[PDB]
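Student: In the first instance, please consider these chains from the complex; the rest will follow:
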Amino acid sequence: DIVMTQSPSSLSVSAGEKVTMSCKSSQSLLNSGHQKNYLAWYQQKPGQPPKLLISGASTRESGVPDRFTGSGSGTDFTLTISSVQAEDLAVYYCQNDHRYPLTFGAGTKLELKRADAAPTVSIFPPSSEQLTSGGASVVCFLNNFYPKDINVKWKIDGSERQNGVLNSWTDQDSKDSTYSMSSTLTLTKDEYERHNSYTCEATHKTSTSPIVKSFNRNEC
């Protein structure tokens, strides 16, 4: 089994920059008959299948921007992006395409860097359909911030709650390279009805003053 070894495991840069990834095989991929190296690069964007960028180490598929360049020989291969763009956020895999069993590297994740950004925060009361179901979730959306680092503080009547809080970050955004995050505080209808003020507090290094968003159940 040929062993594919990619490096670095992760790589962060700014739009416009150039990057470089290493792929190293344990045996040579050169087909001396064809005088070609059978190394293939693939790009997997979040939630999509892998897409072929380059085969034979250096041959781009139709419609692959020439910002992408594959090079190398034998056991040492590198994928080169000349001007990284926001859309290029993905995991890049190389693939032994020379000898059964075909084998993949573990992939190199290309993350993006832009200016620090402040999150736009929205709160949402439980829906009347979920109250009828006997649950009660209070949702807070923190949208389009940078960095991914962000703390959400939930408070019920000025008192701090940390029991039903679930958080979910998006993958980085392929247009503005920001992150969003969804914080959900889930209570029973019973407890939800016995309190009134519901607040989410977004502390992000983009400022020292938290962003706060609140509602009163009685007004909902």
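Tutor: Noted; the coordinates are in hand. Numbering: from 1, shown residues only, chains lettered A, B, ... in the order given.
Student: Report the contact partners of the closest residue to residue A:46 other than its chain neighbours.
Tutor: The shortest distance from residue A:46 to any non-neighbouring residue, by CB to CB, 6 or more residues apart in numbering, is to residue A:171 (4.1 Å). Heads up, the C-betas are built off the backbone N, CA and C, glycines and all. For residue A:171, the contact set (CB atoms under 8 Å, 6 or more residues apart in numbering) comprises A:46-47, A:89.
Student: Give me the three-state assignment for residue A:171.
Tutor: Here residue A:171 is coil, with the state taken from DSSP: H, G, I helix; E, B strand; the rest coil.
Student: any idea how far it lies from residue A:44?
Tutor: 11 Å (CB to CB, to the nearest Å).
Student: ditto for residue A:213
Tutor: When distance is defined by CB to CB, residue A:213 is 35 Å away from residue A:44.
Student: What of residue A:144?
Tutor: 24 Å.
Student: Run a quick neighbour tally on residue A:198.
Tutor: Residues near residue A:198, counting by other CB atoms under 10 Å, number 26.
Student: Just give the nearest non-adjacent residue to it, would you?
Tutor: Using CB to CB, 6+ apart and skipping residues adjacent in sequence, the residue nearest residue A:198 is residue A:138, 5.2 Å away.
Student: tell me the contacts of the one you found?
Tutor: Per CB under 8 Å, 6+ apart, neighbours of residue A:138: A:123-126, A:154, A:184-187, A:192, A:198, A:200.
Student: Which one of those is nearest to residue A:20?
Tutor: residue A:184 (40.2 Å; CB to CB).
Student: Could you check how many residues crowd around the closest one?
Tutor: 18.
Student: what separates the residue nearest the centre of chain A from residue A:111, distance-wise?
Tutor: Nearest to the mean C-alpha position of chain A, by CA atoms, centre = their mean, lies residue A:171 at 2.8 Å. Separation of residue A:171 from residue A:111 (CB to CB) stands at 10 Å.
Student: what touches both of those two?
Tutor: residue A:89.
Student: Give the buried residues for stretch A:182-196.
Tutor: A:183-187, A:192 (16 or more other CB atoms under 10 Å).
Student: Could you list the residues in contact with it?
Tutor: In contact with stretch A:182-196 (CB under 8 Å, 6+ apart) are residues A:126, A:131, A:134-142, A:152, A:154, A:156-157, A:161, A:164-168, A:198, A:200, A:216-218.
Student: Just the buried ones among the residues you listed, please.
Tutor: Taking 16+ other CB under 10 Å as the criterion, what is buried in these is A:126, A:136-142, A:152, A:154, A:156, A:161, A:165, A:198, A:200, A:217.
Student: On the three-state scheme, the residue of chain A most remote from its centre is what?
Tutor: Distance from the C-alpha centroid of chain A peaks at residue A:33, with 41.3 Å (CA atoms, centre = their mean). Judged by three-state DSSP, the three-state class of residue A:33 is coil.
Student: next one is chain B, place it on the structure:
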Amino acid sequence: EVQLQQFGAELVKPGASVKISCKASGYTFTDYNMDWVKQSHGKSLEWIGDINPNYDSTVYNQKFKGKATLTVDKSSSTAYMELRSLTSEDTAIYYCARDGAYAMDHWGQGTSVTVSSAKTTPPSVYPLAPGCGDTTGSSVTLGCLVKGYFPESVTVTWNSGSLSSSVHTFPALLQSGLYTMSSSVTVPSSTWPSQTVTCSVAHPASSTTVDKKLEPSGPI
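Tutor: Adding chain B to what we have so far:
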């Protein structure tokens, strides 16, 4: 152009077997081989095997010998993978891909397979609308909370795709054997509530689709 449509059971009971399908379109099925590929935990790509549709010739990864079995039906230009003796380690995404002179140059969209004795559960869909007395704002974020479903594959469409930008998909989290995800959209306030906004929640594993309209809390 070239197109590969995969089909198959997304929920399969432990120790049973599932047969995945891959329908080829836009090229001569029999001019190429079909590879199958396991992606586990969204991370590691392992090659399963090869099938030549002319000769029914197959080359397996030894790891997958006996587990997987490749077949084709040239009549309908469809390849089949059958996994057997299903186990929790078999839970993953399975891709088919066309293998010719340019390695795997077109991939199916993947069949997510979940091995589990649990039964299928369609999601509750709860609208997330600014309530109480919130600032109208220059824009407005609406959301849907997709709760209590199993297995995980769900897709949320907003207004049949018309509002595809400014959409955030928040990855699902598993809690007490059920998944919950949410999905936010942000639109001009000139848009909502004057115009109807709907989230369409398709859960194929249960053959359920659920349209929830995002309704204002009071008159404007």
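Student: Take the contacts of residue A:171 again, chain B included.
Tutor: If a contact means CB atoms under 8 Å, 6 or more residues apart in numbering or on different chains, then residue A:171 has A:46-47, A:89, B:171 as its contacts.
Student: According to the record, where do the domains of chain A fall?
Tutor: A:4-113, A:120-215 (automatic domain parsing).
Student: let me fix that: chain B
Tutor: B:3-115, B:124-213.
Student: I'd say residue A:153 and residue A:203 touch.
Tutor: Yes - with contact defined as CB atoms under 8 Å, residue A:153 counts as touching residue A:203 (6.9 Å).
Student: what sits in contact with each of these two?
Tutor: Joint contacts of residue A:153 and residue A:203 (CB under 8 Å, 6+ apart) are residue A:210.
Student: Ramachandran angles for the residue nearest in space to the middle of chain B?
Tutor: For chain B, the residue nearest the mean C-alpha position is residue B:153 (4.9 Å; CA atoms, centre = their mean). Residue B:153 has phi and psi values of phi -70, psi 120 when expressed as degrees, to the nearest 10.
Student: so what's residue 26 closest to, chain neighbours aside?
Tutor: You didn't pick a chain, so chain A it is. Nearest non-adjacent residue to residue A:26, counting by CB to CB, 6 or more residues apart in numbering or on different chains: residue A:3, 3.8 Å away.
Student: nope, chain B please
Tutor: residue B:2 (4.2 Å).
Student: Spell out, range by range, the helices that occur in chain A.
Tutor: Secondary structure of chain A, counting by DSSP state H: helices at A:128-132, A:189-193.
Student: and the ones you listed as CSV, adding distance to chain B?
Tutor: Output for those, formatted as CSV (distance: least, CB to the nearest CB, whole Å):
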stretch, distance to chain B
helix A:128-132, 5
helix A:189-193, 13
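Student: Adding distance to residue B:110, write those out as CSV.
Tutor: What follows is the helices of chain A, written out as CSV (distance: least, CB to CB, whole Å):
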stretch, distance to residue B:110
helix A:128-132, 32
helix A:189-193, 39
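Student: okay if I get the domains of chain B as JSON lines plus distance to residue A:7?
Tutor: Output for those, formatted as JSON lines (distance: least, CB to CB, whole Å):
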{"stretch": "domain B:3-115", "distance to residue A:7": "16"}
{"stretch": "domain B:124-213", "distance to residue A:7": "27"}
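Student: State the distance from residue B:172 to residue B:89.
Tutor: Distance from residue B:172 to residue B:89, counting by CB to CB: 21 Å.
Student: Tell me which of the two has more neighbours.
Tutor: residue B:172 (19 against 9; other CB atoms under 10 Å in any protein chain shown).
Student: So the more buried one belongs to a helix, correct?
Tutor: No - per three-state DSSP, residue B:172 lies outside any helix segment and is strand.
Student: can I assume it is in contact with residue B:180?
Tutor: Yes - with contact defined as CB under 8 Å, residue B:172 reaches residue B:180; the gap is 6.4 Å.
Student: Now do the shared contacts for the two.
Tutor: residue B:146.
Student: Counting by contacts, list what the host helix or strand of residue B:95 packs against.
Tutor: Under the criterion of DSSP states H and E, residue B:95 resides in strand B:92-100. For strand B:92-100, the packing partners by 3 or more CB pairs under 8 Å, 6 or more residues apart in numbering or on different chains; DSSP states H and E come out as strand B:3-7, strand B:18-25, strand B:33-40, strand B:78-83, strand B:103-107, strand B:111-115.
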